[PDB]
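Geometric and topological summary
Residue-level listing of the chains:
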Amino acid sequence: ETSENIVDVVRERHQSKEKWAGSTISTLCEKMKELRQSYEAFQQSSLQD
Amino acid sequence: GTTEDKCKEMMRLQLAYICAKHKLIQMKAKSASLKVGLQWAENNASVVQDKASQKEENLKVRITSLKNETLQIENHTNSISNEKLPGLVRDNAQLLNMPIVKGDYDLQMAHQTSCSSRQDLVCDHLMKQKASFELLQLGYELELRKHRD
Amino acid sequence: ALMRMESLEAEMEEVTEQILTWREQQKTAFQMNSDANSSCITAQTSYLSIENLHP
Amino acid sequence: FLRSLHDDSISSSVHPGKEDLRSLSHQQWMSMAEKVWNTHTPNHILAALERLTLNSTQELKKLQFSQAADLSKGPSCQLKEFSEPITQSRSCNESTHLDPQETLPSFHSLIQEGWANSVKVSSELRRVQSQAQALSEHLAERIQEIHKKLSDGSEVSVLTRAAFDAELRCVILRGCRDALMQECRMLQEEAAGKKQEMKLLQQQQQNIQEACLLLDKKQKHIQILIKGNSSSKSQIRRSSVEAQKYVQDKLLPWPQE
Amino acid sequence: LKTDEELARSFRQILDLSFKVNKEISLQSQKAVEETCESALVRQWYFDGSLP
Amino acid sequence: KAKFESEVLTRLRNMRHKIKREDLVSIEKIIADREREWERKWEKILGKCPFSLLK
């Protein structure tokens, strides 16, 4: 029972879409990736300085 | 925060944007001017030895002409930089508030619609009640006429 | 499943570090510009002096 | 009938000819009301009104519970798929495609995006500033090279140098002006592109205002009906006392005469 | 189960962090630009057209 | 496995506490000082509140 419950909880977290920031609906993983790309872009723009 | 706090926040956002955008455009203009200057300097570096053979009187006339053209261009540039540019930047800055305002409007409209509906319900109930009272009132009026006969 | 959950936690730590690193880089960048602008005010006055060739 | 009067009062469209129809409707009701009082006993009519009133109260309670439930269900609740296509869902229609009602964004969330965009501009500024400094250094190096080639001490070389500096200044200033114009064009295009959106917001704003007026009108009607119903209740009590007084003062004394 | 809940909370906080950092950087940038420019010019930027 | 996952939970909590009690408090103080310094500076130069002119 426990093994099955744990698999479900993790699956729900990866697939669930919510309004995290702004006007766009996304999964936690997508929004986190977007945020990471944005700060990578910011850092690249600072090293070329 | 109070509508006032939100407004203030929006304004802050605008002011920060104006300051940054103005400087950005100035820097973009400086950069573009330097680029064109550099390109011109590189193209005319070989021709400057051949012009040294020109009559002194022609160079003096040219310098004077160029000085007058420079002053005209400077006055046009300053006019754009000090009068046209700041107004346009400010207009653009105000547009930053569009999504926020829209969002608020949407929120208000939604609220209103909800309220209107609630009001309609209240009105309907009160009218139903009135309808019942008026029926009874008419009943009493009718009853008095038969007593008179 | 537990491995996937652990991966999310690692990613969160990484993004948090990236935001804080970026914040520090900007703090240094504004301190260096304030020190350079103090030095450069001196040099720019020099070159526009070539307009003074009167006698 | 009352509702129709209400809707009209709210919609300000006094179509000329509606009065004949109102009178007729009013007469129709009067006839019906009269018929009701001729056909049934007052005792049964009042009993019927009591029941209608209970029903009306129960409907209001149900509506209270249903609206409370709609406020507490803020969205975690999962779309349960329940199955039979039984109810038509036609209601007064059919209608409800809309519920995209994704949680409208909060001020906080929008303003957060705004500041993120502001940082994008500041980041671009830094980039262009670094580029302008490199170009300025490169130009200074080239001017120095050209000045070294014209240093043959001859009056003509000095004048040629001055002419160069003057031509260069003109080219740089033309470049700055063209660039600024270009940027102004961009800013105008951007503002022009958003002009439609702003019109739309203006319309919305008008709509919101109009709607606020409408809500106020409705609110006034509600206040009128409240007063109206309170008055009607007092009148019903008065009217009842008048009929009883007539029977006691004018009819009951006749058998003795 | 507790770890799953903490993941969502922790991420909202990270978003708040990002926001406040962006605002900080934007205000610092504003200050840097204002210090390089004469107050009269900047006044024209912010307010020119609104002053009688 | 229970011990390891417990450690992951503690790491996430420590991270969130560090962000909320250390990092955001410091950043919010800097933002508030900067907003006040700015409002004072322009209030002095304009003789009125700067935001009234933008309304």
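As stated in the entry header, the method of structure determination is cryo-EM and the reported resolution is 33 Å.

The next thing to look at is the overall build of chain F. Regarding its fold elements, chain F presents one helix and zero strands. Here the C-alpha radius of gyration of chain F, 21 Å, is well above what a compact globule of 55 residues would show, namely 10 Å. Along the first, second and third principal axes, the C-alpha set of chain F runs to 65 × 20 × 5 Å. Looking at chain F residue by residue over its 55 residues, the buried ones come to 31%. Accessible surface, chain F: about 4,000 Å² in total, of which carbon and sulfur atoms supply 51%. Computed over 16 positive and 10 negative side-chain charges, the inter-centroid distance for chain F is 2 Å.

Here the focus is the side chain of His221 of chain D. Residues and elements named next belong to chain D. Here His221 is to be found in helix α5 (residues 155-251). By relative accessible area, which is 14% here, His221 ends up buried. Reaching out from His221, the side chain makes a polar contact with the side chain of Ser9 at a distance of 3.5 Å.

Here we take up the interface of chain C and chain E. Contact residues are listed per partner, giving 13 residues for chain C and 15 residues for chain E. Interface area for chain C against chain E, summed over the two sides, is near 1,300 Å², with a carbon-plus-sulfur share of 82%. Per-residue buried area on chain C facing chain E is highest for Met12, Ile19 and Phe30 of chain C; these three make up 45% of the total on that side. Residues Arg23 of chain C and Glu24 of chain E are paired through a salt bridge, measuring 3.2 Å at the closest nitrogen-oxygen approach. Between chain C and chain E we count one residue pair in polar contact in total.

Here we come to the nonpolar core. One finds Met12 and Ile19 of chain C together with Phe11, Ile14 and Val21 of chain E to be the most contacted residues of the largest nonpolar core, which totals 39 residues. Elements supplying a minimum of two residues to this core: α2 (28-47) of chain A, α1 (3-44) of chain B, α1 (2-48) of chain C, α4 (107-149) of chain D, α1 (2-36) of chain E together with α1 (2-46) of chain F. Per-element accounting of this core gives the leading share, ten residues, to α1 of chain E. For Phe11 of chain E, the contacting residues outside a window of four places in its chain are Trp20, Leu28, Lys31 and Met32 of chain A together with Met12 of chain C. In terms of nonpolar packing, the next biggest core, distinct from the first, is built from 33 residues, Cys19, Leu85 and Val89 of chain B together with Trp45 of chain E among them.

Here we come to the interface of chain D and chain B. Each side of the interface is counted separately: chain D has 93 residues, and chain B has 93 residues. Between chain D and chain B lies a buried interface of about 9,500 Å² when both sides are counted; carbon and sulfur atoms form 77% of it. Counting across the chain D and chain B interface gives four salt bridges. Between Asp120 of chain B and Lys218 of chain D there is a salt bridge; the shortest N-O distance is 3.0 Å. For the interface between chain D and chain B, the tally reads 14 residue pairs in polar contact. Of all elements in the fold, only α1 (2-11), α2 (18-39), α3 (42-72), α4 and α5 of chain D reach the threshold of two or more residues within the side of chain D that touches chain B. Take the side of chain D that touches chain B: its biggest share by element is 55 residues, from α5 of chain D.

The subject of this paragraph is the pattern of salt bridges. Applying the stated rule across the entire model yields 27 salt bridges over all chains. Two residues, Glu9 of chain B and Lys23 of chain E, come together in a salt bridge whose shortest N-O distance is 2.8 Å. In this pair, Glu9 of chain B sits in helix α1 while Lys23 of chain E sits in helix α1, so the two residues belong to two different chains. In this structure, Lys51 of chain B engages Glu167 of chain D in a salt bridge whose closest nitrogen and oxygen atoms are separated by 3.8 Å. Of this pair, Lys51 of chain B sits in the loop between α1 and α2 (56-94) while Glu167 of chain D sits in helix α5, placing the two residues on different chains. The exposure class of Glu167 of chain D is buried, given its relative accessible area of 13%. Linked by salt bridges that have partners in common, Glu9 and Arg12 of chain B, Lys23 of chain E together with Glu35 and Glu39 of chain F make up one network.

At a minimum axis separation of 8 Å, α1 of chain E and α1 of chain F run at an interaxial angle of 25°. Taken together, the axes of α1 of chain E and α1 of chain F lie roughly parallel to each other. In this structure, α1 of chain E crosses over α1 of chain F, and the sense of that crossing is left-handed. Here the residues of the contact of α1 of chain E with α1 of chain F are counted per class, giving 16 nonpolar, six polar and 17 charged.

Moving on: the packing of aromatic side chains. For the structure shown, the criterion picks out eleven aromatic pairs over all chains. Ring plane angle 35° and centroid distance 5.6 Å describe the contact between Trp40 of chain B and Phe164 of chain D, whose orientation is recorded as tilted. Of this pair, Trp40 of chain B sits in helix α1 while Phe164 of chain D sits in helix α5, which puts the two residues in different chains. Considered together, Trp40 of chain B and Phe164 of chain D belong to a single accessibility category, that of buried residues. With 6.0 Å between their ring centres and 45° between their planes, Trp38 of chain F and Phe51 of chain F make a pair best called tilted. Highlighted residues: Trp38 of chain F in helix α1 and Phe51 of chain F in the segment after α1, separated in sequence by 13 residues. Grouping aromatic residues by their ring pairs yields a cluster made of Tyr46 and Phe47 of chain E together with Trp38, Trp42 and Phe51 of chain F.

Here we come to α2 of chain B. Over its 39 residues, α2 of chain B extends 56 Å from the first C-alpha to the last, a length consistent with the 57 Å expected when each residue adds 1.5 Å. At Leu85 of chain B, α2 of chain B shows its maximal kink, close to 35°; a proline, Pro86 of chain B, follows between one and four residues later.

Residue and element names in this part refer to chain A. Its location among the elements puts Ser26 in strand β2 (residues 26-27). Assessed through its relative accessible area of 7%, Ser26 is described here as buried. Those residues in contact with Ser26, other than ones at most four positions away along the chain, are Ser16, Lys17, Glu18, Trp20 and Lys31.

Another point: the environment of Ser83 of chain D. All names here are of chain D. Take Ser83: it is sitting in the loop between α3 and α4. We classify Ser83 as exposed; its relative accessible area is 71%. Here the alpha-carbon distance between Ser83 and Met32, two residues 51 residues apart in the chain, equals 46 Å.

A few words on a nonpolar patch on the surface. Residues and elements named next belong to chain C. Nonpolar side chains collect at one region of the surface, where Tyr47, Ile50 and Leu53 lie side by side and expose about 380 Å² of accessible area between them. Residue position: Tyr47 is located in helix α1. When its relative accessible area of 53% is taken as the criterion, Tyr47 is described as exposed.

As for its placement among the helices and strands, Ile19 of chain F is situated in helix α1. On the basis of relative accessible area, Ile19 of chain F is assigned to the buried category, the value being 1%. Among all residues touching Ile19 of chain F, those that are not within four sequence positions of it are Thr16 of chain C, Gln13, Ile14 and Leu17 of chain E together with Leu24 of chain F.

Criteria and cut-off values
Residues numbered from 1 in each chain as written, not as in the entry; some residues may be left out. Chains lettered and ligands numbered in written order. Part of a larger assembly, values for the part shown. Heavy atoms only, no water. Helix = DSSP H or I, 4+ residues; strand = E, 2+ residues; numbered from the N terminus. Rg over C-alpha atoms; globule rule 2.2 N^0.38 Å. Buried < 20%, exposed > 50% of the residue type's maximum accessible area, 1.4 Å probe, protein only. Areas by Shrake-Rupley, 256 points an atom, 1.4 Å probe, with all protein chains shown as cover. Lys, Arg positive; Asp, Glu negative; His and termini not counted. Charge placed at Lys NZ, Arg CZ, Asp CG, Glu CD. Polar contact = N/O pair within 3.5 Å; in protein donor to acceptor, adjacent residues only side chain to side chain. Contact = heavy atoms within 4.5 Å. Buried area = accessible area lost by both parts, 1.4 Å probe. Salt bridge = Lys/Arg side-chain N within 4 Å of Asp/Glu carboxyl O. Core = buried A, V, L, I, M, F, W, Y, C linked by side-chain atoms within 4.5 Å. Axes fitted to C-alpha atoms, helices over the stretch in contact; angles between N-to-C directions. Parallel < 35°, antiparallel > 145°, perpendicular 65-115°, else oblique. Left-handed = near helix turned anticlockwise from the far one by under 90°. Nonpolar A, V, L, I, M, F, W, Y, C, P; charged D, E, K, R; others polar. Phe/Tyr/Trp six-rings, centres within 6.5 Å; stacked < 30°, edge-to-face > 60°. Expected span 1.5 Å × (residues − 1). Bend = angle between axes of the 7 residues up to and from the residue. Patch = residues over 30% accessible without salt bridge, like charges linked within 9 Å, V, L, I, M, F, W, Y side chains within 5 Å.

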